[PDB]
Amino acid sequence: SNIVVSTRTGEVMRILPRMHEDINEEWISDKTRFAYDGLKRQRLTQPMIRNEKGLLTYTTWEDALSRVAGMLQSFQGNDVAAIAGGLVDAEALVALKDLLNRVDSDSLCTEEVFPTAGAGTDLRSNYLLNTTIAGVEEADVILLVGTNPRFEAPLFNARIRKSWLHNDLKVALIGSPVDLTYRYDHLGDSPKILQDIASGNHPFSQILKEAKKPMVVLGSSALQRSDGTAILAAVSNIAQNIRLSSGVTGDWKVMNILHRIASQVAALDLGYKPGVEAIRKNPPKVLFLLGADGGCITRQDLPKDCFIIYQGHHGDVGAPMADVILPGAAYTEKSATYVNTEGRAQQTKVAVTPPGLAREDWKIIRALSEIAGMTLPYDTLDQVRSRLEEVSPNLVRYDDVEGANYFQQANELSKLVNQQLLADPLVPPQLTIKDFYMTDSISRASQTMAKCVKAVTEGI
Amino acid sequence: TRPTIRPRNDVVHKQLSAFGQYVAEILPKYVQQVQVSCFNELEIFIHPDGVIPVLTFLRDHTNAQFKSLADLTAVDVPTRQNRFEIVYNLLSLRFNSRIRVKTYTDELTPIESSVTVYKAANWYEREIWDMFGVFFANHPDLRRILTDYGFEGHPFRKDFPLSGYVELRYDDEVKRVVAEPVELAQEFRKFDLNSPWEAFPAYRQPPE
Amino acid sequence: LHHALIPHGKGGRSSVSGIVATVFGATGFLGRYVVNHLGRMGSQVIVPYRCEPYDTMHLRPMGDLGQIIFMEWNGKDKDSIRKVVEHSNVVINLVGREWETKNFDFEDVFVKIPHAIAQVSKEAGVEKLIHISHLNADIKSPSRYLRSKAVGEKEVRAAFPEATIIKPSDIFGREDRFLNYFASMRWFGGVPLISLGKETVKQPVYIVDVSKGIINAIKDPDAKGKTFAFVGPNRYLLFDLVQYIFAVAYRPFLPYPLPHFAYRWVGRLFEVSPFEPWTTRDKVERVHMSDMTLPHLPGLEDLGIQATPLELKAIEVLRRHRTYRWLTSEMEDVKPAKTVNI
Amino acid sequence: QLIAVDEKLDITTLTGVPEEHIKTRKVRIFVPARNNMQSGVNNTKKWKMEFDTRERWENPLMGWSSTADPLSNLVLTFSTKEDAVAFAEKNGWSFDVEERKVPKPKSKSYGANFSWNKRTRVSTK
Amino acid sequence: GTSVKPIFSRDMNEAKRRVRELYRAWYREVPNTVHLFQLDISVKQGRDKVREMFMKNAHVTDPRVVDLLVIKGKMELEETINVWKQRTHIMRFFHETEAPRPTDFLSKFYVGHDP
Amino acid sequence: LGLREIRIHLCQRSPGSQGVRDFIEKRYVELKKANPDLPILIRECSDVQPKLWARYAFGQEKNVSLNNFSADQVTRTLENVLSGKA
Amino acid sequence: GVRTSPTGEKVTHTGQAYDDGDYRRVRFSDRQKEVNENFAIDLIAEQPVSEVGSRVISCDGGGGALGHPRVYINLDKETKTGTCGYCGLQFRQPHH
Ligand SMILES: NC(=O)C1=CN([C@@H]2O[C@H](COP(=O)(O)OP(=O)(O)OC[C@H]3O[C@@H](n4cnc5c(N)ncnc54)[C@H](OP(=O)(O)O)[C@@H]3O)[C@@H](O)[C@H]2O)C=CC1
Ligand SMILES: [Zn+2]
């Protein structure tokens with residue numbers, strides 16, 4: 001969502017909506033509006049290392065960078081891995097990719113899981129919301145699979161409600177019968193139903209066939225479960241059946257994926273491996289936690305005497321388990337590029353500078369590279385964005401959302417794997433409003449969201 | 001409409017319109033526009049090449065006799081290709097009248113000095129050069145007048161920051177006054193005062 | 001790092017440097033330069049003073065609003081020292097006198113006071129201590145000044161093991177007693193020199209270099225428990241140095257040899273002044289003593305300071321001693337002096 | 001007579017700006033967004049040119065907000081985007097330009113509040 | 001013809017000749033400035049400062065900009081010769097008090113956020 | 001020697017990428033069948049030029065232009081990149 | 001309602017007090033810290049609640065034109081008094 005940060009004397013005062021007719025219209029989410037105070041609560045301000053007693057203690061930038069560089073120079077290849085968090089910018093992602101490549105490492109992963117079978121991340125349209133948000137107001141039917149769009153993407157749900165109200169849009173859901181603020185046809189929560197729709201046995205399959213502009217949306221939260229590849233294959237089968245029966249209506253792009261992580265799409269565009277399984281297969285000796293506060297990897301899943309480096313802006317579940325802490329900037333403290341769930345690249349602006357000794361993330365990575373001897377070829381923001389263009393050109397087009405349709409190739413490549421589905425009902429992580437308020441480090445540090453959760457749990 | 005509204009004077013308006021037409025007729029080569037404001041002020045917009053002729057006419061013609069130069073100054077409008085606007089205010093004691101002559105220039109195009117027509121211009125032009133960087137050709141002595149010695153830049157330009165670029169302090173190591181990059185204990189607090197609602201419908205611009 | 005002490009700004013007057021420095025002897029020759037350099041970067045400077053507050057006026061324009069705090073202190077009172085060093089993370093000791101008063105002798109200003117400062121700073125949680133000694137300080141010198149310097153240096157080291165000790169040699173500057181001292185003896189007709197000053201070697205150092213070295217040692221993590229020697233790039237014979245001094249000042253140079261006992265007697269005669277003595281016996285001893293060479297010690301070049309030669313800075317001190325005839329003479333007109341370099 | 005200069009306009013050496021504040025500065029050219037708290041649109045007509053935000057810190061005395069860059073409050077107003085771009089180029093500043101965002105024309109119908117069969121019928125007034 | 005009129009020079013050659021005249025005048029003036037203002041710098045130091053100030057604008061290709069630069073330099077010289085400037089103004093050209101700002105990436109990263 | 005990933009940056013509607021487009025829509029799938037573990041990132045170029053990137057061990061990478069190529073030309077250069085032949 | 005910080009520093013009505021490790025306390029050495037002794041919150045808490053026999057009351061702070069702009073307070077809630085948004089005076093209807 002396009003926003004306005006209003007500051008005064010170098011302090012964030014409030015967040016307001018900024019009108020974008022194609023993304024958020026005139027509205028923002030409550031998490032967007034009221035979670036900014038979490039940027040003042042549990043902040044990493046100075047570098048930290050472990051002392052002789054095994055406790056985190058403050059340190060100059062020079063010594064922490066030298067320690068990390070010395071540990072990086074020892075190991076190489078598969079022994080060095082990095083996990084990116086949910087609020088990581090494209091510049092930091094590409095800097096970390098380059099830094100780990102100079103060591104000949106490819107274990108660059110994200111906590112959010114996307115299936116790699118078939119095309120995987122090879123084709124962009126495989127993991128994008130191809131119809132786009134504004135295109136929702138053109139569809140005549142939409143099928144939702146294994147998601148709660150109300151809490152995962154509140155403005156997307158608002159757009160769906162708007163089309164339901166004005167365009168008489170027909171909505172169906174496969175999953176838990178959550179309250180979406182509009183009436184929908186609930187088909188159930190068993191994933192097998194998807195296969196039934198593809199088969200044509202199900203009543204709803206005919207409904208998709210008659211529709212001129214059908215849309216199928218698969219939430220990335222359903223892809224987090226064990227049979228995510230099978231679910232994606234079934235959804236692609238449904239979309240391909242629609243395209244084969246009704247023919248090509250044009251540039252309609254039936255198939256969609258709804259993301260919930262701000263950093264996921266940029267990481268996939270840059271070539272990061274989705275999921276963590278690559279690290280669990282080959283545990284590393286040095287681990288970079290670029291704002292990774294999801295708790296997917298702990299010290300039980302790693303070899304003992306593992307050198308964990310955390311780089312972020314908040315003290316959360318990922319910081320106390322690290323050996324070196326490098327304080328980074330938040331999204332209000334840097335000019336950073338984030339890519340939309342529909343693929344639209346946008347850039348933030350600096351409202352205030354990072355507190356204390358905190359620095360920009362790509363600058364941290366570049367300084368570490370220079371200390372370690374493998375200096376990266378970029379010194380300024382323009383040069384690192386030139387590198388971003390070199391890796392993925394769409395990351396420098398800052399309002400473009402057009403892209404290619406490679407659904408045929410992805411569908412063909414998804415048929416070579418025949419993984420079995422699970423007989424486990426689809427349950428989204430967010431089931432009621434109470435689960436909506438705290439999702440990431442900033443909103444968990446926010447005292448306003450604690451009040452919201454308390455008020456929802458006991459109304460009083 | 002009587003008590004709180006400033007009264008009108010149509011006689012002066014008619015006289016000023018007639019004289020503006022007169023001046024435009026006599027000098028078609030340089031006069032580009034003539035205006036009379038609602039409070040009876042006559043304005044003449046001319047090409048930059050007509051500074052010396054027009055002013056000379058306005059000083060020496062029997063019907064003009066604008067013997068006094070009240071004020072000469074510049075206005076900075078960055079959105080215009082010709083950034084700077086040169087304004088001459090003249091007073092006629094014989095006919096008890098005031099006139100305004102406006103021309104334009106940019107950062108690199110010199111303006112002809114009007115010292116020969118009016119002696120009073122000598123300092124004003126200097127001030128313009130000091131505050132906006134407009135060069136005046138054939139000035140007897142053109143140099144900085146208001147700023148400090150060795151001052152870099154022209155403060156009255158819109159892109160010049162309010163507090164400037166350098167500040168002064170006494171240093172005891174060198175035993176003298178030194179200039180350093182400006183640093184403020186309290187930054188100037190910019191205020192957004194403009195209302196999001198239109199105030200004067202009469203001045204509304206076409207919406208393109 | 002105590003967030004309130006995290007550096008902020010561009011290193012200017014209104015910036016925050018993260019340094020809270022108590023500068024003892026800030027109303028002296030070196031103290032003004034040290035306080036000026038500290039206040040340039042925007043440091044909180046605490047000035048303990050025992051003189052009249054008027055004599056501190058020149059130190060007030062050197063810092064931003066609230067960045068220079070003047071407090072009274074007594075050298076013999078440890079409570080005063082604790083009061084002035086309680087909130088500081090750096091303590092610099094520039095206390096010293098070139099003569100003995102009826103209240104303080106050489107072992108009072110160079111042994112007792114430095115030891116008390118070091119001990120109170122160590123027990124008050126001060127992190128960094130800078131102590132100034134002399135290059136020629138040793139316990140077997142004929143000068144009681146230098147013997148007290150050496151004793152106080154070792155006592156400060158004992159009380160504050162991780163202290164930084166800096167040993168300059170013959171600091172020259174506008175308010176010095178090195179160039180001004182030799183320029184002022186023109187009023188006695190001739191220049192008395194022991195053995196005509198042909199057996200003495202001096203290596204004077206610029207005042208700005210010493211202040212910069214102190215500031216750099218403050219912000220150098222590796223300089224915790226080291227000992228530095230601050231010397232100039234050139235070594236001169238005393239005769240050549242004084243001749244160059246008189247040449248820059250454009251005064252007639254009429255040196256003559258004076259025996260050691262006679263010069264010591266004139267120093268004792270001048271010692272009787274209840275005010276600042278023109279010269280003393282200890283001053284005579286230190287002037288005619290060769291500068292020690294300690295190559296094993298770190299120097300200014302190890303703190304990033306390139307020592308400024310006397311030739312580029314003698315005019316700024318000695319132009320005041322010229323007459324009206326020679327007042328406008330330039331710098332490169334005086335034919336730099338002969339150097340005993342290695 | 002005219003001399004026919006065929007070079008790019010560059011007044012950088014004449015403005016007296018320190019070279020630090022010419023090469024490392026990034027300006028933004030944009031039409032400001034409407035304040036979402038009011039419906040007035042009079043502040044979204046002209047183009048603005050502003051500079052990148054620099055560091056602000058707290059004064060050790062009184063806790064005021066101190067700055068070190070002179071262009072913190074410099075905002076310029078232009079009638080068209082091309083004028084702002086020309087000004088930035090001739091002043092030697094590197095710029096980023098955001099296209100104007102105009103609200104789409106809406107289709108409003110009062111009678112739609114009382115539809116016989118559509119979903120737009122309201123439940124209260 | 002781009003409809004642009006000159007100040008003094010019509011091409012780069014005349015502008016270069018005016019630059020050379022101004023440079024000669026400054027080079028001749030430097031020793032008198034050192035003597036009159038009682039500066040603690042050498043004549044070579046002042047002449048190198050003049051050379052640096054002239055070379056700071058070596059990239060200009062517009063004769064009008066070169067003309068305006070020469071005019072400003074003439075005013076500066078006229079200020080210096082007539083002793084309108086003071087020792088402080090003359091010594092501002094050297095920045096003796098300003099601490100040198102490091103230019104490499106690591107030092108900028110250590111001190112703060114400015115590029 | 002050791003290839004790690006390859007990138008095809010093709011511009012969506014410019015004529016110079018037309019042949020490249022044909023490749024992606026005719027014989028990319030077969031290629032992905034042959035190299036099921038090699039990242040082959042298909043990305044959308046601006047109005048400038050189509051090109052192919054090849055990254056090797058320790059971060060070394062090189063690019064080749066694909067302007068006005070044909071499907072045969074692009075598969076030829078891709079197979080040259082894949083094998084130890086330039 | 002001044003209280004003493006653990007370090008011994010007086011706490012202002014805004015609640016500000018330098019910590020033990022804060023060097024900025026050195027400005028109060030040989031001098032004093034200025035703390036206003038009359039706490040407005042405690043002073044306004046001492047005022048008795050005014051009983052009125054109307055649903056809506058008016059407050060101008062006293063003194064007529066020397067007070068604050070006149071405002072009207074609703075007193076329909078029985079579990080909470082009506083507070084003036086300028087003066088802090090409390091009003092309520094007869095209950096019990
Ligand atoms: N100048 C030189 O040639 C070099 C200096 N030395 C050492 O460098 C240090 C500083 O040098 P410099 O500035 O020239 O010396 P100064 O004589 O110029 O100043 C000495 C400072 O110490 C203070 N001070 C002196 N005695 C006492 C006392 N009994 N109690 C409290 N404060 C006192 C003075 O305060 P007040 O004004 O009130 O008297 C004064 O502020 C000294 O320790 C000196 O020994 C090192 C090598 C030579
Ligand atoms: Zn009231």
# chains A, B, ... in the order shown; residues from 1 in each chain; ligands from 1
call {"tool": "residues_near_ligand", "arguments": {"ligand": "ligand 1", "cutoff": "7 Å", "atoms": "only C-alpha atoms and all ligand atoms", "output": "ChimeraX atom specification"}}
result
/C:24-31,49-51,74-75,93-98,104,109,132-135,167-172,176-178
call {"tool": "write_last_selection", "arguments": {"atoms": "C-alpha atoms", "output": "tab-separated table (two decimals), in the first residue's frame"}}
result
chain	number	residue	atom	x	y	z
C	24	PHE	CA	43.07	19.36	34.11
C	25	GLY	CA	45.31	22.34	33.45
C	26	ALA	CA	43.08	23.61	30.63
C	27	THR	CA	44.01	27.23	31.41
C	28	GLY	CA	47.58	26.67	30.23
C	29	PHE	CA	49.49	26.78	26.96
C	30	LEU	CA	48.55	23.27	25.81
C	31	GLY	CA	45.17	23.27	27.53
C	49	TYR	CA	39.99	25.67	37.35
C	50	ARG	CA	41.60	27.15	40.43
C	51	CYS	CA	42.50	30.60	39.04
C	74	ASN	CA	41.66	22.08	44.54
C	75	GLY	CA	44.76	20.08	43.68
C	93	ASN	CA	46.17	15.71	32.82
C	94	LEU	CA	47.99	18.87	31.71
C	95	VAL	CA	48.87	20.21	35.18
C	96	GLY	CA	52.44	21.45	35.45
C	97	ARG	CA	54.69	24.35	36.45
C	98	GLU	CA	58.14	25.39	35.26
C	104	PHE	CA	53.53	23.79	45.37
C	109	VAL	CA	52.45	19.26	40.76
C	132	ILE	CA	51.66	14.21	29.87
C	133	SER	CA	55.29	13.66	30.90
C	134	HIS	CA	58.55	14.95	29.43
C	135	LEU	CA	60.70	13.32	26.77
C	167	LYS	CA	56.18	12.55	26.41
C	168	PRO	CA	56.60	15.64	24.22
C	169	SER	CA	59.81	17.66	23.88
C	170	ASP	CA	60.01	21.46	23.83
C	171	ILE	CA	56.60	22.45	22.52
C	172	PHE	CA	56.75	25.63	20.45
C	176	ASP	CA	55.14	29.03	24.35
C	177	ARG	CA	58.20	29.41	26.55
C	178	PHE	CA	60.61	27.96	23.98
call {"tool": "residues_around", "arguments": {"residues": "segment 69-82 of chain F", "least_positions_apart": "2", "cutoff": "8 Å", "atoms": "only C-alpha atoms", "output": "PyMOL selection string"}}
result
chain F and resi 3+16-20+22-23+54+66-67+84-86
call {"tool": "write_last_selection", "arguments": {"atoms": "N, CA and C atoms", "output": "JSON list (two decimals), in the first residue's frame"}}
result
[["chain", "number", "residue", "atom", "x", "y", "z"],
["F", 3, "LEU", "N", 28.94, -24.29, -13.85],
["F", 3, "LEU", "CA", 27.82, -23.37, -14.02],
["F", 3, "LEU", "C", 26.91, -23.43, -12.80],
["F", 16, "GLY", "N", 13.58, -7.35, -31.78],
["F", 16, "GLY", "CA", 14.87, -7.98, -31.59],
["F", 16, "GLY", "C", 14.84, -9.17, -30.65],
["F", 17, "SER", "N", 13.81, -9.29, -29.82],
["F", 17, "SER", "CA", 13.66, -10.42, -28.93],
["F", 17, "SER", "C", 12.75, -11.50, -29.50],
["F", 18, "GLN", "N", 12.20, -11.28, -30.70],
["F", 18, "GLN", "CA", 11.17, -12.18, -31.22],
["F", 18, "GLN", "C", 11.66, -13.62, -31.24],
["F", 19, "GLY", "N", 12.82, -13.87, -31.85],
["F", 19, "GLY", "CA", 13.37, -15.21, -31.86],
["F", 19, "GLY", "C", 13.52, -15.78, -30.47],
["F", 20, "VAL", "N", 14.05, -14.98, -29.54],
["F", 20, "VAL", "CA", 14.17, -15.43, -28.16],
["F", 20, "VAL", "C", 12.80, -15.84, -27.62],
["F", 22, "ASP", "N", 10.31, -16.97, -29.27],
["F", 22, "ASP", "CA", 9.99, -18.26, -29.87],
["F", 22, "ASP", "C", 10.64, -19.39, -29.09],
["F", 23, "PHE", "N", 11.92, -19.23, -28.74],
["F", 23, "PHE", "CA", 12.59, -20.24, -27.94],
["F", 23, "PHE", "C", 11.79, -20.55, -26.68],
["F", 54, "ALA", "N", 25.28, -15.81, -17.75],
["F", 54, "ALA", "CA", 25.75, -17.11, -17.30],
["F", 54, "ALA", "C", 26.68, -16.88, -16.12],
["F", 66, "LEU", "N", 21.72, -11.19, -27.54],
["F", 66, "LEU", "CA", 20.83, -12.06, -28.31],
["F", 66, "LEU", "C", 19.98, -11.26, -29.29],
["F", 67, "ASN", "N", 20.47, -10.09, -29.70],
["F", 67, "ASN", "CA", 19.68, -9.19, -30.53],
["F", 67, "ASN", "C", 19.50, -9.77, -31.92],
["F", 84, "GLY", "N", 31.22, -27.23, -22.03],
["F", 84, "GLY", "CA", 32.52, -26.59, -21.90],
["F", 84, "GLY", "C", 33.08, -26.13, -23.23],
["F", 85, "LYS", "N", 32.27, -25.40, -24.00],
["F", 85, "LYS", "CA", 32.65, -24.91, -25.32],
["F", 85, "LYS", "C", 32.32, -23.42, -25.36],
["F", 86, "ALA", "N", 33.26, -22.60, -24.90],
["F", 86, "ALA", "CA", 33.10, -21.15, -24.86],
["F", 86, "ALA", "C", 31.84, -20.74, -24.10]]
call {"tool": "residues_near_ligand", "arguments": {"ligand": "ligand 2", "cutoff": "7 Å", "atoms": "only C-alpha atoms and all ligand atoms", "output": "list in words"}}
result
residues 59, 60, 61, 68, 84, 85, 86, 87, 88 and 89 of chain G
call {"tool": "write_last_selection", "arguments": {"atoms": "N, CA and C atoms", "output": "PDB file, in the first residue's frame"}}
result
ATOM      1  N   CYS G  59     -19.299  25.011  31.033  1.00  0.00           N
ATOM      2  CA  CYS G  59     -18.071  25.381  31.723  1.00  0.00           C
ATOM      3  C   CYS G  59     -17.294  26.383  30.883  1.00  0.00           C
ATOM      4  N   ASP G  60     -16.786  27.428  31.539  1.00  0.00           N
ATOM      5  CA  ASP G  60     -15.918  28.412  30.905  1.00  0.00           C
ATOM      6  C   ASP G  60     -14.643  28.653  31.705  1.00  0.00           C
ATOM      7  N   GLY G  61     -14.389  27.857  32.740  1.00  0.00           N
ATOM      8  CA  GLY G  61     -13.191  27.977  33.539  1.00  0.00           C
ATOM      9  C   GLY G  61     -13.227  29.040  34.612  1.00  0.00           C
ATOM     10  N   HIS G  68     -11.544  30.039  29.641  1.00  0.00           N
ATOM     11  CA  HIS G  68     -11.386  29.344  28.377  1.00  0.00           C
ATOM     12  C   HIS G  68     -12.674  29.412  27.563  1.00  0.00           C
ATOM     13  N   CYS G  84     -14.310  18.657  32.054  1.00  0.00           N
ATOM     14  CA  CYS G  84     -14.047  19.729  31.106  1.00  0.00           C
ATOM     15  C   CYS G  84     -12.748  19.451  30.362  1.00  0.00           C
ATOM     16  N   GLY G  85     -12.769  19.634  29.044  1.00  0.00           N
ATOM     17  CA  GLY G  85     -11.590  19.397  28.236  1.00  0.00           C
ATOM     18  C   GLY G  85     -10.530  20.470  28.314  1.00  0.00           C
ATOM     19  N   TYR G  86     -10.838  21.604  28.935  1.00  0.00           N
ATOM     20  CA  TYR G  86      -9.882  22.679  29.157  1.00  0.00           C
ATOM     21  C   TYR G  86      -9.417  22.759  30.601  1.00  0.00           C
ATOM     22  N   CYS G  87     -10.354  22.749  31.545  1.00  0.00           N
ATOM     23  CA  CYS G  87     -10.080  23.091  32.934  1.00  0.00           C
ATOM     24  C   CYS G  87      -9.871  21.876  33.823  1.00  0.00           C
ATOM     25  N   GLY G  88     -10.454  20.734  33.474  1.00  0.00           N
ATOM     26  CA  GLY G  88     -10.346  19.543  34.284  1.00  0.00           C
ATOM     27  C   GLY G  88     -11.364  19.420  35.395  1.00  0.00           C
ATOM     28  N   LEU G  89     -12.243  20.405  35.562  1.00  0.00           N
ATOM     29  CA  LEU G  89     -13.274  20.327  36.585  1.00  0.00           C
ATOM     30  C   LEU G  89     -14.286  19.240  36.244  1.00  0.00           C
TER      31      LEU G  89
END
call {"tool": "interface_residues", "arguments": {"of": "chain G", "to": "chain D", "cutoff": "12 Å", "atoms": "only C-alpha atoms", "output": "MDAnalysis selection string"}}
result
chainID G and resid 22:25 27
call {"tool": "residues_around", "arguments": {"residues": "residue 153 of chain B", "least_positions_apart": "2", "cutoff": "10 Å", "atoms": "only C-alpha atoms", "output": "PyMOL selection string"}}
result
(chain B and resi 130-133+147+150-151+155-157+160+164-165) or (chain D and resi 13-18)
call {"tool": "closest_atom_pairs", "arguments": {"of": "chain E", "to": "chain D", "cutoff": "6 Å", "atoms": "only C-alpha atoms", "output": "Markdown table"}}
result
| residue | atom | partner | partner_atom | distance |
| --- | --- | --- | --- | --- |
| E:1 | CA | D:4 | CA | 4.2 |
| E:2 | CA | D:4 | CA | 5.3 |
| E:4 | CA | D:2 | CA | 5.5 |
| E:5 | CA | D:2 | CA | 4.6 |
| E:10 | CA | D:3 | CA | 5.5 |
call {"tool": "residues_around", "arguments": {"residues": "residue 106 of chain B", "least_positions_apart": "6", "cutoff": "9 Å", "atoms": "only C-alpha atoms", "output": "PyMOL selection string"}}
result
chain B and resi 81-85+134
call {"tool": "interface_residues", "arguments": {"of": "chain E", "to": "chain C", "cutoff": "9 Å", "atoms": "only C-alpha atoms", "output": "list in words"}}
result
residues 34, 35, 36, 37, 38, 39, 40, 41, 42, 43, 97, 98, 99, 111, 112 and 114 of chain E
call {"tool": "atom_distance", "arguments": {"atom1": "atom CA of residue 50 of chain B", "atom2": "atom CA of residue 102 of chain B"}}
result
10.5 Å
call {"tool": "closest_atom_pairs", "arguments": {"of": "chain A", "to": "chain C", "cutoff": "10 Å", "atoms": "only C-alpha atoms", "output": "JSON lines"}}
result
{"residue": "A:45", "atom": "CA", "partner": "C:3", "partner_atom": "CA", "distance": 8.2}
{"residue": "A:46", "atom": "CA", "partner": "C:1", "partner_atom": "CA", "distance": 8.0}
{"residue": "A:57", "atom": "CA", "partner": "C:1", "partner_atom": "CA", "distance": 9.8}
{"residue": "A:58", "atom": "CA", "partner": "C:1", "partner_atom": "CA", "distance": 6.8}
{"residue": "A:59", "atom": "CA", "partner": "C:1", "partner_atom": "CA", "distance": 8.0}
{"residue": "A:60", "atom": "CA", "partner": "C:1", "partner_atom": "CA", "distance": 9.0}
{"residue": "A:355", "atom": "CA", "partner": "C:3", "partner_atom": "CA", "distance": 9.4}
{"residue": "A:356", "atom": "CA", "partner": "C:6", "partner_atom": "CA", "distance": 6.2}
{"residue": "A:357", "atom": "CA", "partner": "C:6", "partner_atom": "CA", "distance": 7.3}
call {"tool": "write_last_selection", "arguments": {"atoms": "C-alpha atoms", "output": "PDB file, in the first residue's frame"}}
result
ATOM      1  CA  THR A  45      21.103   0.170  17.973  1.00  0.00           C
ATOM      2  CA  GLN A  46      24.707  -1.044  18.343  1.00  0.00           C
ATOM      3  CA  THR A  57      27.757  -7.187  24.719  1.00  0.00           C
ATOM      4  CA  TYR A  58      28.068  -3.931  22.804  1.00  0.00           C
ATOM      5  CA  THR A  59      30.871  -3.537  20.289  1.00  0.00           C
ATOM      6  CA  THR A  60      32.210  -1.171  17.655  1.00  0.00           C
ATOM      7  CA  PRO A 355      18.768   5.018  15.450  1.00  0.00           C
ATOM      8  CA  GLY A 356      22.145   4.805  17.137  1.00  0.00           C
ATOM      9  CA  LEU A 357      24.818   2.978  15.161  1.00  0.00           C
TER      10      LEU A 357
END
call {"tool": "select_by_dssp", "arguments": {"residues": "segment 198-264 of chain A", "states": "alpha helix (DSSP H)", "output": "JSON, numbers by chain"}}
result
{"A": [198, 199, 203, 204, 205, 206, 207, 208, 209, 210, 228, 229, 230, 231, 232, 233, 234, 235, 236, 237, 238, 239, 240, 241, 242, 243, 244, 245, 246, 264]}
call {"tool": "select_by_dssp", "arguments": {"residues": "chain F", "states": "strand (DSSP E)", "output": "list in words"}}
result
residues 3, 4, 5, 6, 7, 8, 9, 10, 11, 40, 41, 42, 43, 44, 45, 51, 52, 53, 54, 55, 56, 61, 62, 63, 64 and 65 of chain F
call {"tool": "interface_residues", "arguments": {"of": "chain A", "to": "chain D", "cutoff": "7 Å", "atoms": "only C-alpha atoms", "output": "list in words"}}
result
residues 9, 10, 16, 17, 18, 21, 165, 166, 168, 350, 351 and 353 of chain A
call {"tool": "residues_around", "arguments": {"residues": "segment 136-142 of chain A", "least_positions_apart": "3", "cutoff": "10 Å", "atoms": "only C-alpha atoms", "output": "PyMOL selection string"}}
result
chain A and resi 131-133+145+156+159-164+166-173+184+207-208+210-217+252+254
call {"tool": "atom_distance", "arguments": {"atom1": "atom CA of residue 14 of chain E", "atom2": "atom CA of residue 46 of chain E"}}
result
26.5 Å
call {"tool": "residues_around", "arguments": {"residues": "segment 59-73 of chain B", "least_positions_apart": "4", "cutoff": "6 Å", "atoms": "only C-alpha atoms", "output": "ChimeraX atom specification"}}
result
/B:86-92,124
call {"tool": "write_last_selection", "arguments": {"atoms": "N, CA and C atoms", "output": "compact mmCIF listing (two decimals), in the first residue's frame"}}
result
# COMPACT_ATOMS: atom_id res chain seq x y z
N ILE B 86 12.95 41.65 -14.17
CA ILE B 86 13.52 42.93 -13.77
C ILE B 86 12.40 43.96 -13.77
N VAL B 87 12.23 44.64 -12.64
CA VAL B 87 11.11 45.55 -12.41
C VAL B 87 11.66 46.94 -12.13
N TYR B 88 11.18 47.93 -12.89
CA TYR B 88 11.53 49.33 -12.71
C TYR B 88 10.28 50.09 -12.29
N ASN B 89 10.36 50.81 -11.18
CA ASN B 89 9.26 51.65 -10.72
C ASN B 89 9.66 53.10 -10.92
N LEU B 90 8.86 53.85 -11.66
CA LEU B 90 9.17 55.23 -11.99
C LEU B 90 8.07 56.15 -11.49
N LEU B 91 8.48 57.35 -11.09
CA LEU B 91 7.58 58.38 -10.59
C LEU B 91 7.73 59.64 -11.42
N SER B 92 6.58 60.20 -11.81
CA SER B 92 6.47 61.45 -12.54
C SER B 92 5.88 62.50 -11.60
N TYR B 124 21.21 49.97 -7.27
CA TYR B 124 20.17 48.95 -7.39
C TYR B 124 20.63 47.80 -8.26
call {"tool": "residues_around", "arguments": {"residues": "residue 58 of chain E", "least_positions_apart": "5", "cutoff": "12 Å", "atoms": "only C-alpha atoms", "output": "list in words"}}
result
residues 13 of chain D; 16, 19, 51, 52, 53, 65, 66 and 69 of chain E
